[PDB]
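First the structure, in the form of structure tokens, and then the observations on it.
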Amino acid sequence: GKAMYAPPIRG
Amino acid sequence: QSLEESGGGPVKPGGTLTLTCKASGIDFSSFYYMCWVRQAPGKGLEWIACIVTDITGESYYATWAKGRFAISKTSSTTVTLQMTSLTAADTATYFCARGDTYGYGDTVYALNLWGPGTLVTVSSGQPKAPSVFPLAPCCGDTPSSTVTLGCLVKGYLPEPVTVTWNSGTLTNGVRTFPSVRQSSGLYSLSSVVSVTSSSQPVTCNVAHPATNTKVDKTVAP
Amino acid sequence: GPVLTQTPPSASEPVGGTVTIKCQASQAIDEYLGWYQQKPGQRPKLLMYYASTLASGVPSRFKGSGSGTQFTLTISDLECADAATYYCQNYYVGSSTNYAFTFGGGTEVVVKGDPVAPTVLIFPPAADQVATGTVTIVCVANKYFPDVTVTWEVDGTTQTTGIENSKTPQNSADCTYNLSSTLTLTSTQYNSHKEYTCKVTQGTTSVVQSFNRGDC
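Chains as they are written, first to last, in my numbering: chain A, 1 to 11; chain B, 12 to 232; chain C, 233 to 448.
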């Protein structure tokens, strides 16, 4: 029951 | 889905306000970011803080803001911004906004939902209610088929004032100008309306929320 | 960072033309970039997210592009309805301590529509102004494009003080402005003069309204 983080910055 | 802010208004330097954002027509199957964004007159959007709507209630702050502002979920539909140790630099319209969380990466990952904003003025200047003067052409003029009448809203503090005509009833040919500021610091604005000569007298309704006043001025050629 | 900077600070293009707004991120942010439209006195409106995905409702002539540190919002086939300030924004949360939400500084787009000359109205002070010690004279310029200059003349003498100007945002249908110009004098000043005059100049055109105190 948590929001997902976006992935790390590719760059 | 919609958002509405409240709790804004006049406050003295060194003081505190708590702004509230109320969400209507929303669901709870997804998680969102509820953010506060402010905008000083004539200036740009400036992000303050966000909080996620999951149980964690994780929050994120702009660096300038983290020390004097605190963001909270106070219910399933309400978020508060408590603003403290205030100065002139915090005078601004404060917007509540909402955007999706990342999810599968297929969401609207930006602020898609916005409130109308609430205006905070941080000033040592006491609120002052405006005088309303009618605007009408010089009586020495020859009348014609139509006439533009108006209201000059003079000498109020702080912002805002709103203006309707005939209690919202009359909007056609209404032009309400942005406020100006006199050198003393007081504000003024104009609203004019175009109407036909045989038409009944028009009434401007001038609301100054900071002083809890509404002024009705009835104007005629 | 990531700090967002926008160029140019202002753009002016004719209806049907094209405007390109540039957004620079001081460090790489993939495509975690939104664009917003804000008209004077209204809330911001989401146009674009993930750099190039059009928000629902937004016309296809809005095109978002870019990646890493450079982004553009390109508006084709400009309408008067496009007159506004546009902001780029970071929108990213990667962890509890890795996030970005700041906006760029904004770009104002002015849309050049068809030229319309102003009509001008002048309003002598209501009877109950003078007793307050000060008098405010209102001059209004209607429905015009492009911008105008105002001049107040008291008995032929140009005024330089006591003047405040207020302009409405471009009309979404025809790009036109409205102008409210006020002249404030003390009551004693007002009663020592006869002819009060507002001149609105648009390029090589002038429209003048006066009134004489005593006739009003």
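Positions of the beta carbon are idealized from the N, C-alpha and C atoms, including for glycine.
Asked	Found
is_contact[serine 398 of chain C, chain B] using C-beta, thresh 8 Å	yes
Same chain, Cβ closer than 6 Å to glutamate 340 of chain C, five either side skipped, listed in chain order	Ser242 and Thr317
Alpha-carbon to alpha-carbon, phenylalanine 42 of chain B and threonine 64 of chain B	5 Å
Selection from B:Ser40, B:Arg192, B:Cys32 and B:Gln211 that minimises the alpha carbon distance to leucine 92 of chain B	B:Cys32
Secondary structure of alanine 358 of chain C, DSSP reduced to three states	coil
Segment contact flag, the region 268-282 of chain C with the region 124-133 of chain B, C-beta cutoff 8 Å, min 3 pairs	yes
Three-pair Cβ contact test at 8 Å for the region 162-169 of chain B versus the region 186-198 of chain B	yes
Contacts of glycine 1 of chain A in chain B (Cβ-Cβ under 7 Å)	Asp65 and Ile66
Contact set between the region 277-290 of chain C and chain B, restricted to residues whose Cβ is under 9 Å from the partner	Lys277, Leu278, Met280, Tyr281, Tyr282, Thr285, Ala287 and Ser288
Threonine 400 of chain C versus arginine 10 of chain A - alpha carbon distance	45 Å
Positions along the region 343-366 of chain C whose CB lies within less than 8 Å of some CB in chain B	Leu353, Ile354, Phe355, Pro356, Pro357, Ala358, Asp360, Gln361 and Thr364
Given 8 Å, three or more beta-carbon pairs between the region 362-369 of chain C and the region 419-433 of chain C	yes
Three-state class that DSSP yields for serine 142 of chain B in the structure shown	strand
Through-space distance from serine 413 of chain C to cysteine 448 of chain C, alpha-carbon basis	19 Å
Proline 21 of chain B - DSSP class collapsed to helix/strand/coil	strand
Three-state secondary structure assigned by DSSP to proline 220 of chain B	helix
Per-residue burial, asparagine 410 of chain C [other beta carbons within 10 Å of its own, 16 or more giving buried]	buried
DSSP state of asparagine 423 of chain C mapped onto helix, strand, coil	helix
Cβ pair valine 185 of chain B, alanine 218 of chain B closer than 8 Å	no
CB of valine 48 of chain B within 8 Å of CB of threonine 98 of chain B, strictly	no
Start and end residues, beta strand (DSSP E) containing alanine 243 of chain C	242-246
Neighbour flag for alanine 257 of chain C against chain D, beta carbons, 8 Å	Reference to chain D is not applicable here, since the protein chains of this structure are A, B and C.
Cα-Cα separation between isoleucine 253 of chain C and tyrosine 268 of chain C, rounded to whole angstroms	12 Å
Below-8 Å beta-carbon distance, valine 226 of chain B vs any chain C residue	no
Proximal residues to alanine 73 of chain B (C-beta, below 7 Å), its chain only, five neighbours per side dropped	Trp58, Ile59 and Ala60
Own chain, CB closer than 6 Å to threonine 187 of chain B, minus 5 neighbours either side, in chain order	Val174 and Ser202
Nearest-angstrom Cα separation, counted from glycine 68 of chain B out to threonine 85 of chain B	10 Å
Per DSSP, cross-strand counterpart(s) of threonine 104 of chain B	B:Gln50 and B:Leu130
Burial state of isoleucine 307 of chain C (16 or more Cβ within 10 Å)	buried
Helix, strand or coil at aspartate 227 of chain B [DSSP, three-state]	strand
Cβ of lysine 165 of chain B within 8 Å of any chain C Cβ	yes
Cβ shell of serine 292 of chain C (< 8 Å), same chain only, five flanking positions each side left out	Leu286
Buried/exposed call for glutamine 211 of chain B, threshold 16 Cβ in 10 Å	exposed
Where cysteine 407 of chain C falls: helix, strand or coil (DSSP)	coil
Coarse secondary structure for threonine 364 of chain C, derived from DSSP in three states	helix
Cβ distance (whole Å) where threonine 351 of chain C is taken to contact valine 439 of chain C below 8 Å	7 Å
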